[PDB]
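Here is the file final06.txt (compact mmCIF, C-alpha atoms).
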```
# COMPACT_ATOMS: atom_id res chain seq x y z
CA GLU A 2 37.53 -33.63 -9.31
CA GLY A 3 36.96 -35.08 -5.80
CA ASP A 4 33.88 -36.68 -7.29
CA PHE A 5 30.85 -34.75 -6.50
CA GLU A 6 27.30 -35.45 -7.59
CA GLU A 7 26.20 -33.78 -10.90
CA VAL A 8 23.28 -31.39 -10.52
CA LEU A 9 20.93 -29.94 -13.16
CA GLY B 3 26.82 -25.40 14.78
CA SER B 4 24.84 -28.68 14.56
CA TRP B 5 24.86 -28.88 10.76
CA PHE B 6 28.25 -27.19 10.19
CA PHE B 7 31.54 -29.01 10.63
CA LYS B 8 35.11 -27.77 10.27
CA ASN B 9 37.98 -29.91 8.99
CA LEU B 10 35.83 -33.06 8.55
CA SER B 11 37.14 -35.26 5.72
CA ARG B 12 34.89 -36.91 3.17
CA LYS B 13 35.13 -40.31 4.89
CA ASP B 14 34.61 -39.06 8.46
CA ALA B 15 31.41 -37.43 7.10
CA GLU B 16 30.44 -40.75 5.61
CA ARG B 17 30.79 -42.67 8.92
CA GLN B 18 28.91 -40.00 10.83
CA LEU B 19 26.01 -39.82 8.34
CA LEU B 20 25.69 -43.62 8.02
CA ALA B 21 25.35 -44.07 11.80
CA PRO B 22 22.03 -45.45 13.19
CA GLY B 23 19.93 -42.49 14.21
CA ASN B 24 20.35 -40.79 10.87
CA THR B 25 17.62 -40.86 8.15
CA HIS B 26 17.32 -39.95 4.45
CA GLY B 27 17.86 -36.19 4.28
CA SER B 28 20.18 -36.15 7.28
CA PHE B 29 23.07 -33.99 6.18
CA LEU B 30 26.00 -31.78 7.14
CA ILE B 31 28.04 -28.97 5.60
CA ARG B 32 31.77 -29.40 5.92
CA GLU B 33 34.72 -27.10 5.41
CA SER B 34 37.96 -28.49 4.10
CA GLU B 35 40.90 -28.43 6.58
CA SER B 36 43.27 -27.51 3.72
CA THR B 37 41.38 -24.94 1.64
CA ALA B 38 39.58 -22.59 3.99
CA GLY B 39 36.34 -21.28 2.42
CA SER B 40 35.91 -24.59 0.59
CA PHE B 41 32.61 -26.28 1.51
CA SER B 42 30.86 -29.54 0.63
CA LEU B 43 27.31 -30.86 1.48
CA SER B 44 27.09 -34.56 2.43
CA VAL B 45 23.59 -36.18 2.57
CA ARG B 46 22.11 -39.55 3.51
CA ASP B 47 19.75 -40.97 0.93
CA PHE B 48 18.62 -44.31 -0.60
CA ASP B 49 19.86 -45.69 -3.86
CA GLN B 50 17.61 -48.27 -5.52
CA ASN B 51 20.62 -50.25 -6.65
CA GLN B 52 23.07 -49.47 -3.84
CA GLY B 53 20.94 -49.21 -0.73
CA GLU B 54 21.71 -46.52 1.91
CA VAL B 55 24.20 -44.06 0.47
CA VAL B 56 25.88 -40.78 1.30
CA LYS B 57 26.02 -38.33 -1.58
CA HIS B 58 28.42 -35.38 -1.90
CA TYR B 59 27.72 -32.00 -3.49
CA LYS B 60 30.28 -29.22 -4.07
CA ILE B 61 29.16 -25.75 -2.89
CA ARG B 62 30.83 -23.16 -5.16
CA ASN B 63 31.56 -19.55 -4.16
CA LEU B 64 30.56 -16.35 -5.87
CA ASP B 65 32.95 -13.38 -6.22
CA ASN B 66 30.41 -11.36 -4.10
CA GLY B 67 30.83 -13.71 -1.13
CA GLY B 68 27.82 -15.92 -1.86
CA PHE B 69 27.17 -19.59 -2.58
CA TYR B 70 25.43 -22.05 -4.94
CA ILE B 71 25.36 -25.77 -5.75
CA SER B 72 23.56 -25.00 -9.01
CA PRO B 73 23.98 -21.63 -10.91
CA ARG B 74 20.20 -21.70 -11.28
CA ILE B 75 19.85 -20.44 -7.76
CA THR B 76 22.34 -18.61 -5.52
CA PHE B 77 22.37 -17.63 -1.85
CA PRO B 78 23.89 -14.86 0.23
CA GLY B 79 25.08 -17.35 2.82
CA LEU B 80 25.06 -20.95 4.12
CA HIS B 81 21.94 -20.44 6.22
CA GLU B 82 19.78 -19.41 3.27
CA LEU B 83 21.18 -22.33 1.27
CA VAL B 84 20.00 -24.70 4.02
CA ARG B 85 16.61 -23.05 4.32
CA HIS B 86 16.02 -23.63 0.60
CA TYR B 87 17.01 -27.26 0.17
CA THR B 88 15.37 -28.00 3.46
CA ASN B 89 12.06 -26.79 1.79
CA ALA B 90 12.57 -28.11 -1.78
CA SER B 91 14.93 -30.77 -3.12
CA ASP B 92 15.32 -28.48 -6.14
CA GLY B 93 17.95 -30.46 -8.05
CA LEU B 94 19.32 -32.41 -5.08
CA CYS B 95 18.78 -36.14 -4.59
CA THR B 96 16.36 -35.44 -1.69
CA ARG B 97 15.36 -32.57 0.66
CA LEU B 98 17.46 -32.15 3.79
CA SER B 99 16.13 -32.94 7.25
CA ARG B 100 17.34 -31.44 10.59
```
Show me this structure written as C-alpha cells.
Amino acid sequence: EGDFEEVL
Amino acid sequence: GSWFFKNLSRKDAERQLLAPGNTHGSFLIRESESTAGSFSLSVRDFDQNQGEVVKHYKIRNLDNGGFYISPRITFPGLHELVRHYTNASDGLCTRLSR
C-alpha cells in the first residue's frame, strides 16, 4: 500500500 | 534533472521538501531504488489541521509506456505529466511549482 494520497 | 531523483526513499524526499527554501507546490518525482520504473510524486503543501506537510502520489504505468496519477488523464511521459499539474491542480492537493 505504501500509503499514497487518494485522488478523484 | 532538477525535479527527477533516482533511488530517493520516501523519507529522504520528506527532509528535502520540508527544507527552508521550499514552498507549497515544491515537488519532486522519485524512482524507487528497488523497483526500476516505479515512480512517486512528493509535494509540499499546507494542511489546515497539520500545518506544512509533504504529500505522496503514486504514478502508475500504462502498458503502452505511459503514465497517470488518475485514469481520468494520461500522459506519454513524465515531462507532459509535469507540464499538466504545473498548469492545473486537476485532482492534486495543489499545483506544482518549479
Original post:
Counting all atoms listed in the file, which residues of chain A come no farther than 6 Å from chain B, as number ranges by chain?
Top reply: A: 5-6, 8-9
Subject >> d(atom CA of residue B:29, atom CA of residue B:70) in Å >> reply: 16.5 Å
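If you look at atom CA of residue B:45 and atom CA of residue B:82, they are 17.2 Å away from each other.
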If we count only C-alpha atoms, what is near residue B:69 at a cut-off of 10 Å, once residues fewer than 3 positions away on the same chain are taken out, given as a compact mmCIF listing (two decimals) with C-alpha atoms, in the coordinates of the input?
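File produced: around15.txt:
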```txt
# COMPACT_ATOMS: atom_id res chain seq x y z
CA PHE B 41 32.61 -26.28 1.51
CA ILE B 61 29.16 -25.75 -2.89
CA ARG B 62 30.83 -23.16 -5.16
CA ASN B 63 31.56 -19.55 -4.16
CA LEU B 64 30.56 -16.35 -5.87
CA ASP B 65 32.95 -13.38 -6.22
CA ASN B 66 30.41 -11.36 -4.10
CA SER B 72 23.56 -25.00 -9.01
CA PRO B 73 23.98 -21.63 -10.91
CA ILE B 75 19.85 -20.44 -7.76
CA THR B 76 22.34 -18.61 -5.52
CA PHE B 77 22.37 -17.63 -1.85
CA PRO B 78 23.89 -14.86 0.23
CA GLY B 79 25.08 -17.35 2.82
CA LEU B 80 25.06 -20.95 4.12
CA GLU B 82 19.78 -19.41 3.27
CA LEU B 83 21.18 -22.33 1.27
```
**OP:** Can you work out which one of B:55, B:67, B:15, B:4 has the shortest atom-to-atom distance to residue B:27, counting only C-alpha atoms?
**Re:** B:55
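Near residue B:35, within 10 Å and counting only C-alpha atoms, sit residues 8, 9, 10, 11 and 41 of chain B, not including residues fewer than 6 positions from it in the same chain.
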What would the file look like if the residues just selected were written as a short mmCIF file (atom, residue, chain, number, x, y, z; two decimals), in the coordinates of the input with C-alpha atoms?
```cif
data_model
loop_
_atom_site.label_atom_id
_atom_site.label_comp_id
_atom_site.auth_asym_id
_atom_site.auth_seq_id
_atom_site.Cartn_x
_atom_site.Cartn_y
_atom_site.Cartn_z
CA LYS B 8 35.11 -27.77 10.27
CA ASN B 9 37.98 -29.91 8.99
CA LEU B 10 35.83 -33.06 8.55
CA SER B 11 37.14 -35.26 5.72
CA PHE B 41 32.61 -26.28 1.51
#
```
Contacts of residue B:25 at 9 Å (only C-alpha atoms; same-chain gap of 5+ positions) as a PDB file with C-alpha atoms, keeping the file's coordinate frame:
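Final file, result_33.pdb:
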```pdb
ATOM      1  CA  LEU B  19      26.010 -39.820   8.340  1.00  0.00           C
ATOM      2  CA  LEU B  20      25.690 -43.620   8.020  1.00  0.00           C
ATOM      3  CA  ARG B  46      22.110 -39.550   3.510  1.00  0.00           C
ATOM      4  CA  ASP B  47      19.750 -40.970   0.930  1.00  0.00           C
ATOM      5  CA  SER B  99      16.130 -32.940   7.250  1.00  0.00           C
TER       6      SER B  99
END
```
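What separates atom CA of residue B:84 from atom CA of residue B:3 is a distance of 12.8 Å.
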Original post:
Given the choices B:31, B:21, B:56, B:48, which gets closest to residue B:81 if the distance is worked out from all atoms listed in the file?
Top reply: B:31
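Considering the residues B:40, B:33, B:28, B:54 and counting all atoms listed in the file, residue B:96 has its shortest atom-to-atom contact with B:28.
Restricting the calculation to all atoms listed in the file, the smallest distance between residue B:24 and any of B:50, B:98, B:85, B:38 is found for B:98.
Nearest to residue B:39 of all the residues B:5, B:68, B:16, B:97 is B:68, counting all atoms listed in the file.
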Test item: axis-aligned box, all listed atoms of stretch 38-42 of chain B, 3 Å on each side, centre and edges in Å rounded to one decimal, as lines of an AutoDock Vina configuration file:
```
center_x = 35.2
center_y = -25.4
center_z = 2.3
size_x = 14.7
size_y = 14.3
size_z = 9.4
```
